[PDB]
Amino acid sequence: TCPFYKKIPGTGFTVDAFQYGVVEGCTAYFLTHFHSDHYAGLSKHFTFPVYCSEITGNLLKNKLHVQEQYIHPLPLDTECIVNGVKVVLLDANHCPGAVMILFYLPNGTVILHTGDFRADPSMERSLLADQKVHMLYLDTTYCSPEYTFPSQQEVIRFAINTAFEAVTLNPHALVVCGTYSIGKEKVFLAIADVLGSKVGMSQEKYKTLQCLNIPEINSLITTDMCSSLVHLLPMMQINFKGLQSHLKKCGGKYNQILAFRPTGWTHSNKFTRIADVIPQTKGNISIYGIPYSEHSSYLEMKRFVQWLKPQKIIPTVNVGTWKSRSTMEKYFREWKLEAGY
Ligand code: NI
């Protein structure tokens, strides 16, 4: 059955609730983004209205075969009316197509559902600046002070410099980047751009990326693995055995692999700066775990909330244990006391 934190009171709406069958009294199903924990349940047999971004809708039509008549894409940063309720979609700074949803209830309550997000001060100048929020349904993925991470920009600087140096020293090295869902495309696109190469990938992954409106994508991606020195592989193949095997498949075009695993967080962050990151190496294969996150750090999250000053916070992540829930609730109290709301 559907959890309460996926239900929008005073409406017929749900958010990211497609794995529960027909939800009682739900007249419209919102999808914040195309990640499997959120879309789980959608298919060509779904016949209720789905509201989402343009990019998410492209992905529903092409990858899951949802019929066009049931997909209702909305433009961003635009007041729209859904079953008599005003809504606005905002950029969530997550993966492509990912949104936050603002709901303006008939009785005057205003609700912000962040979906998955990486808070940023640029959000303090959208349609959020323009009114009060009574309830915040918050992506609390990294809601603990140990989660610190660098900027996406610092992480991409590290990756480009590392790959550029490696291929300059050995023009026969291959660079590999792991992926398992949309998101984190800057990793592999920025490396390919500095090396003067396209990113080679499976036909299935190329079709996924063509669904995204990313300008100049014919320009950075390809299915011709032969002509490329940056290859994209499933995240599960980013280990010494998987990569030895891949190297064998390239027919002696290459003699070394430098691979990257963009992860959310790793406890190395508590003791190490980005400049100090080192790989795991075996033979002619090196693997770098880099802290490229598409979720808020603890400090980012805290800043957002102390700026927005919601009347009530409803966590959407880590809610399944009493200890985590209690931990989060204690931080929310601190933030409120410190900010004076
Ligand atoms: Ni996500």
# chains A, B, ... in the order shown; residues from 1 in each chain; ligands from 1
$ closest_atom_pairs --of "chain A" --to "ligand 1" --cutoff "8 Å" --atoms "only C-alpha atoms and all ligand atoms" --output "JSON lines"
{"residue": "A:33", "atom": "CA", "partner": "ligand 1", "partner_atom_place_in_ligand_line": "1 (Ni)", "distance": 6.9}
{"residue": "A:34", "atom": "CA", "partner": "ligand 1", "partner_atom_place_in_ligand_line": "1 (Ni)", "distance": 7.5}
{"residue": "A:35", "atom": "CA", "partner": "ligand 1", "partner_atom_place_in_ligand_line": "1 (Ni)", "distance": 5.2}
{"residue": "A:37", "atom": "CA", "partner": "ligand 1", "partner_atom_place_in_ligand_line": "1 (Ni)", "distance": 7.6}
{"residue": "A:38", "atom": "CA", "partner": "ligand 1", "partner_atom_place_in_ligand_line": "1 (Ni)", "distance": 7.4}
{"residue": "A:94", "atom": "CA", "partner": "ligand 1", "partner_atom_place_in_ligand_line": "1 (Ni)", "distance": 7.0}
{"residue": "A:95", "atom": "CA", "partner": "ligand 1", "partner_atom_place_in_ligand_line": "1 (Ni)", "distance": 7.2}
{"residue": "A:115", "atom": "CA", "partner": "ligand 1", "partner_atom_place_in_ligand_line": "1 (Ni)", "distance": 7.9}
{"residue": "A:116", "atom": "CA", "partner": "ligand 1", "partner_atom_place_in_ligand_line": "1 (Ni)", "distance": 5.2}
{"residue": "A:117", "atom": "CA", "partner": "ligand 1", "partner_atom_place_in_ligand_line": "1 (Ni)", "distance": 7.9}
{"residue": "A:294", "atom": "CA", "partner": "ligand 1", "partner_atom_place_in_ligand_line": "1 (Ni)", "distance": 7.9}
$ residues_around --residues "range 329-338 of chain A" --least-positions-apart "2" --cutoff "8 Å" --atoms "only C-alpha atoms" --output "list in words"
residues 302, 305, 306, 309, 313, 325, 326, 327, 340 and 341 of chain A
$ select_by_dssp --residues "range 106-172 of chain A" --states "strand (DSSP E)" --output "PyMOL selection string"
chain A and resi 110-113+135-138
$ write_last_selection --atoms "N, CA, C and O atoms" --output "CSV table (one decimal), in the first residue's frame"
chain,number,residue,atom,x,y,z
A,110,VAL,N,0.4,25.8,0.5
A,110,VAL,CA,1.3,25.7,-0.6
A,110,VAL,C,2.3,24.6,-0.1
A,110,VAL,O,2.8,24.6,1.0
A,111,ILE,N,2.5,23.6,-1.0
A,111,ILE,CA,3.3,22.4,-0.8
A,111,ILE,C,4.5,22.3,-1.9
A,111,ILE,O,4.2,22.4,-3.1
A,112,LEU,N,5.7,22.1,-1.4
A,112,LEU,CA,6.9,21.9,-2.3
A,112,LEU,C,7.3,20.4,-2.0
A,112,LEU,O,7.6,20.0,-0.9
A,113,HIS,N,7.3,19.6,-3.1
A,113,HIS,CA,7.8,18.2,-3.1
A,113,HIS,C,9.1,18.3,-3.9
A,113,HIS,O,9.2,18.7,-5.1
A,135,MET,N,4.3,23.2,3.7
A,135,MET,CA,4.8,21.8,3.9
A,135,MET,C,5.9,21.5,2.8
A,135,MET,O,5.7,21.8,1.6
A,136,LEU,N,7.0,20.9,3.2
A,136,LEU,CA,8.1,20.5,2.4
A,136,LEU,C,8.3,19.0,2.5
A,136,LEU,O,8.6,18.5,3.6
A,137,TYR,N,8.2,18.3,1.4
A,137,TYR,CA,8.4,16.9,1.3
A,137,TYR,C,9.9,16.8,0.8
A,137,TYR,O,10.2,17.1,-0.4
A,138,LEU,N,10.8,16.5,1.7
A,138,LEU,CA,12.3,16.7,1.4
A,138,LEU,C,13.1,15.5,1.2
A,138,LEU,O,13.0,14.4,1.9
$ closest_residue --among "A:163, A:317, A:42, A:90" --to "residue 127 in chain A" --atoms "only C-alpha atoms"
A:90
$ select_by_dssp --residues "range 108-255 of chain A" --states "alpha helix (DSSP H)" --output "number ranges by chain"
A: 152-169, 185-195, 203-210, 217-220, 240-249
$ closest_residue --among "A:250, A:238, A:232, A:159" --to "residue 285 in chain A" --atoms "only C-alpha atoms"
A:238
$ decode --residues "range 191-207 of chain A" --atoms "C-alpha atoms" --output "PDB file, in the first residue's frame"
ATOM      1  CA  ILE A 191      36.475  13.728 -20.498  1.00  0.00           C
ATOM      2  CA  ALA A 192      35.607  12.976 -24.177  1.00  0.00           C
ATOM      3  CA  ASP A 193      35.639  16.716 -25.006  1.00  0.00           C
ATOM      4  CA  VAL A 194      39.205  17.241 -23.562  1.00  0.00           C
ATOM      5  CA  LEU A 195      40.548  14.174 -25.430  1.00  0.00           C
ATOM      6  CA  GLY A 196      38.983  15.046 -28.792  1.00  0.00           C
ATOM      7  CA  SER A 197      36.967  11.796 -28.857  1.00  0.00           C
ATOM      8  CA  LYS A 198      33.259  10.737 -28.863  1.00  0.00           C
ATOM      9  CA  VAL A 199      31.890   8.449 -26.103  1.00  0.00           C
ATOM     10  CA  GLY A 200      31.182   4.976 -27.366  1.00  0.00           C
ATOM     11  CA  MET A 201      28.343   2.941 -25.890  1.00  0.00           C
ATOM     12  CA  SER A 202      25.709   0.255 -26.504  1.00  0.00           C
ATOM     13  CA  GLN A 203      22.775   0.995 -28.885  1.00  0.00           C
ATOM     14  CA  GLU A 204      20.426   0.869 -25.866  1.00  0.00           C
ATOM     15  CA  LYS A 205      22.367   3.555 -23.929  1.00  0.00           C
ATOM     16  CA  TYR A 206      22.723   5.747 -27.050  1.00  0.00           C
ATOM     17  CA  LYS A 207      18.883   5.652 -27.578  1.00  0.00           C
TER      18      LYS A 207
END
